[PDB]
Structure formats: C-alpha cells, structure tokens
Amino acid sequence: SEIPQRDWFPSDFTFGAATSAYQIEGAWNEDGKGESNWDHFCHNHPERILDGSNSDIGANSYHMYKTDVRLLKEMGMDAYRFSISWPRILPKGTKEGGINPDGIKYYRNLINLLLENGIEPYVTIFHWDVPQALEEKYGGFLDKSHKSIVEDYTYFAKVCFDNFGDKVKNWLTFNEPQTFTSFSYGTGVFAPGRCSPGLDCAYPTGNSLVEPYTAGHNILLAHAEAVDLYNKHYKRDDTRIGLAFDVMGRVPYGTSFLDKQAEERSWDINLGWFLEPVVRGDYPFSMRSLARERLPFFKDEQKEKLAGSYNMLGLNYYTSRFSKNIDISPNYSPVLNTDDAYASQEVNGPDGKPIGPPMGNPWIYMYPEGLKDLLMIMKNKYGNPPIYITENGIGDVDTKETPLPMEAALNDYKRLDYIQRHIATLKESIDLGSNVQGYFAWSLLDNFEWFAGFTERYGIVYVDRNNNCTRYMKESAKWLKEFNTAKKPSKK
C-alpha cells in the first residue's frame, strides 16, 4: 500500500508535532510575563480577529504542558517543536529589564520533561511574539538603526542558550520571516497591523513597499548575530541551529515561457528572500533588481556572517499556487512588497479549477506535488542541506454561525488523508535524493490561529475550550500513534 509506514523512513528520521507560544500558552500576564505585540493587537483591535477572540487562554499550555507531553509520549513522537515567549523571559525585552525566573523555569520544566520521556525539543526562539516594550521603544523589527533590535534579539537568544543550551540540541532562530514581514507590515493582517494608506488594516499609515523589507533586513541581521554568538560560545558537535521558512509551491499558470519566469520570481520572493541570504550571504538577484533601493544592502561583514549561518533548515509547507506573469510596463506599479515579484499568485488555473482540493479554510489547497518540487529545489539548487518539514497540516473551520460538532472535529479524516499524502511525498523525495530528515504536523493542539482567532482547529489533538481546555485525541493523532509505534515492525 502507498499509505506511509514508519519503515519507509530511515531509523534516524524524525516525526513530531509543533506549536507556538502565543498560540497555545495562555497566562498572557501571569507570573511577570510582559505584554507582546500580539497581546496588544488583539486587546486593541478585536475586530481585526475573525471571531473577535484573543489568546489570553489559548490552550492554557502554561498550566497544562504536562498533558501536552503525555499525549506526545502516547503518540510516540520523536520530537516536539515549540516556541519560547520572548516577553515571558524578558518582560521589557531587554537585559536592562531583567530576566523573569518563572518564565525560565516554565521552559526548563517543559524541556526536561520532554527529554526524560525521550522526546527531542526543537525550539523556535522567535515565533512572532515581540515584547511590546520593544515595539514602543523603537518599533521592534522596524528599528531603522539596525542596531537596537539586533542587540536585543541577540541577548534574548543568549539567555536561551545560557538557560537551555545544555539540554536543547536543535534551534530555530526565526519562524516564517516572510509571513511575519509581509503580513505584519505589508497587508497588515498581523500585529501591529500596519500597511500603506488606502489599504484595509488597523493602521494604514505605513508603507507596504518598504517596512516589510526593513523588518526582513533586521531579522536577517539578528539571525546572523545570534548564530555567530552560538558558533563562538555555545555550539556543540551534536547541536544544530537554523530557521524555518514559510513556503507555498509555485507552478506556471499557463504554457507561456513567461509564466515559468513568473514562477521563478515567485519562489524567489517567497522562499528566496530569506533563504539565499543564509545560503550565500545576500538577497535573490530578482529581488535586488526589482525592489532596488527598497531592499537594503548588506555590509561585507554582514554578508560573511550570513553565508552558511545554519546546520539545518525548516520548511513550513501547506499549499501551492499558480504563478501568472505580469510584465514590466508603464501600466503597472507594485502596491504590496509581494507585488515586486511581478506575478499574481492564483489558486485557480486557466481552466477554472483549483490547483488541488480545498482543505476547508480560505487558503489551503492540497497539492503534495508542490512539496516534492520544493524538496528537489533544495536538493538541486541550494546544496541539499538537512531539511525538516517544521510545519504541515490543515485547519478545520469551526465558527459560531457554522458550529463544528465535536464528534466531527474528532473524526478529522481530511486532515489524516492530507498528512498521509505529504508524508508519502517525503518518501518519494527521499528516493530521489532529498536530504529531508523530519516531519512535524502543525498543531499538536487546536489553538489561537492569529487573525483567524478560534475559527480554525489545526490540532491532531482537540482542545475543548468550553470545558477547561480538556484534550482529546483526534483520528489523525491516533493514526500517528500507531505509525510511530515501531521503527521497523514484523510480519506493516
């Protein structure tokens, strides 16, 4: 059968689940934790969240992590990817502000419990939760000096290396810098909600063509400094560090050679943006030729620290899009930073049919082939470095007007089928030379899905918010459980 079996993959292969701090933790202002950009955004603009909710409680994992670890254990996961709340560790976001003991202890307890149970931690240092104190001091990642945020982020990473480096062997400095920059300062659907005048976001007094690039540049400088620090004082033979990129596969809209060029520019604007800098030390050629002065140059010293600043890389894959060419002409001018790719990303092809089957929410269309394309690109174009699919899954719609019955939410067969197909694609990719080494289902738990609030459940484990956030294994989780039971069965 083509249904994935654990013996399809090497003994060393890794299978886990993933979450992020703001999305599952709760205890937003408990035990000294400082306010983050998201606490601020949700509390100030509930109307910018689909269901007007916030993650004050989320999945209450700050108090229920032991149940989280138990389920991970029961499912036989090899690893668990989670993030550290910058403001829970440093309430004022700086060294000056001081470290929060309860924050350090929370993560220390989680990490130790995971390891004791034989589950390897894959820690995301920054998963979009910027301490509000930094946002107010210098705009956080919008820091025009390119110094303040780099120093503050670097110290944050230092505190993580100092307090957890003896137990953590896998680090991810940043999660989806492209989504973060483009959504936060481009379309403004993410905190702080900035965008160009004329666009519909909470603060249409920004610049979608510039701020996303300013933020991205500071993120890359911060990543380079943190990795430099790591390699000089905390690096160990068995530890790895990198970052995770959000990536949607790209496929030519039509047959014209122009759509092939459009496709290339789209991989560039989405993946290339942050990938090429850590691979070779600079932005993709296409981006420098189109964004021009809006895309900052790197000093030679920065280019050096940037090139090769990873031991592994994560890819968060969910869907794909058809790329359609847009010619450079006097009748076209970019509005969003993503418009600099001179191509429109389409869900539907020229025949009026979606690239793949819709999975339920507004943007996820199933197209496993896209993942294979992505892996072949990493293999053939970017040196075939160690790759971990740090995120993959779907969100089941559940709203007040369209309630999702718990029994139906638990019988998540679409998610199961989707997960199985992507794991199968990983096997096909491996048989073609891909250096992929692990897979993480996104959302061990149903959680706060940013601007979607609680309208989408991505968990393999159901969280009953109506009843003390009690957890319930869904069919997907149960299949993963049997899948992980043994590396190599006997009889699959």
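The first residue of the shown sequence is 1; numbering continues from there.
In this entry, the higher average B-factor at the C-alpha atoms falls on 137-145, of the pair 370-378 and 137-145. Of the two stretches examined, 175-183 and 350-358, the record assigns the greater average C-alpha temperature factor to 350-358. Looking only at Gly216, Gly308, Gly242, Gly97, the residue with the top Cα B factor in the deposited structure is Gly97. For the set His223, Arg288, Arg236, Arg415, the PDB entry assigns the largest Cα B-factor to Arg236. Placement of the Cα temperature factor of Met248 within the chain: lowest third of the modelled residues, per the deposited record. Ranked against the other modelled residues of its chain, the C-alpha B-factor of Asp31 as given in the entry falls in the highest third. Ranked against the other modelled residues of its chain, the C-alpha B-factor of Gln345 as given in the entry falls in the highest third. Remark: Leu480 belongs to the lowest third of its chain, ranked by C-alpha B-factor as recorded. Among the modelled residues of its chain, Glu263 has a C-alpha B-factor that falls in the lowest third according to the deposited record.
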